[PDB]
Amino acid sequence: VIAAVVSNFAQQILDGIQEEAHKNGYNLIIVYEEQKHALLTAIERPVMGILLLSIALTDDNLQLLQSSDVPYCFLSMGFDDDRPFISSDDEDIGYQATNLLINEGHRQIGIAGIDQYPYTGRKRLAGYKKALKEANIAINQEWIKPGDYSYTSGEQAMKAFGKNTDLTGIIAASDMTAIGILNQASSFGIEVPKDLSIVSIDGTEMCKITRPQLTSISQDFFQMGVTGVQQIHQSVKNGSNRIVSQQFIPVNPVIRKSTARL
C-alpha cells in the first residue's frame, strides 16, 4: 500500500502513480498541524512507501517523516539539499518558456504569478533571467509580477502590467494563472496572440479549454508518478527500504494558439 500526500497537476501525477502501483499490485491511499497529522495518518497505518506531491514540509515535519524509516520521495518539487525528489528542472522550465517567445521575436517579455521565495519559483525565475541575459535583454523588475500560481494572481498581474503595457509576451506561472492573464488582457481589449503572446507553464487540460488554447511548457506529471512508484518498488527490492535519488523529468513545449511572432 502506497500513500500519496497532497496539499489538476496532482490528478495527472496520481494517475501515473495509480497505474504503476496497480502494475506492481500495490494499493493506494491519498492523505489529504494539518501537515504533521497528514504524515502520522500515513505512517500510523502500515504503508510501504510515501510519495509527496509538491508538499513543502516544515523543518520538524521533515525530520518526522525521515525518522519513521518509511521509504519516501517528493514529486513535482526540487530541493537544495539531498532530499530525494522527482520533478522538472524548474530553471530550465523558465529558460525554455522564455526562449520560446524570444525565438518568436519577442524581447519585452514579462513573467507573472510566481511565488519568488521558495525553491520552485526561485529556479523558474532564474531560468527566465538567464534566457533574457543570453538574448542581451536587460532584466526589468517591472516585468516581474509575483503571485501564488493562482487564477487571481494572473488577473492581478495583468492589471499591474496595464492595458497599455509595453510587453508583447508573458510567461504564466501556471495554467490557471495563464487563464487569468488571458481573461484580464481580453477585458483590456488586448488580443491574444495578436498583440500579446502568452506561454503557460504546466500544460494540463486547462490549456485546451481556453480560447485561444494556451501554448505551454508541459511537465510530464504522469511520468513523475510512474517513476515515483518505481523508486519505492526499488527500495524494497534492493532491501534498502530507502530512496536517495534526485531526478529531473524533461519538459516539452506544446504549441497551441496563444503565441505568434512579434
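Just count from 1 along the sequence shown to find any residue number.
For this session: Report, from the record, the number of residues in the deposited sequence between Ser7 and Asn8 that have no coordinates, as none, 1 to 3, 4 to 9, or 10 or more.
Result: According to the record, 4 to 9 deposited residues lack coordinates from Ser7 to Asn8.
Exercise. Of 48-56 and 210-218, which one has the bigger average CA B-factor?
Worked result: For C-alpha atoms only, the mean B-factor is higher in 48-56.
Problem set entry | Mean Cα B-factor comparison, 237-245 or 250-258, giving the higher one as deposited | Result: 237-245.
Problem set entry | Top residue by Cα temperature factor, when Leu28, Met224, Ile201, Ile198 are compared in the entry | Reading the PDB entry, the winner on C-alpha B-factor is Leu28.
Exercise. Lowest, middle or highest third of the chain for the C-alpha temperature factor of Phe79?
Worked result: As the PDB entry reports it, the C-alpha B-factor of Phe79 lands in the highest third of its chain.
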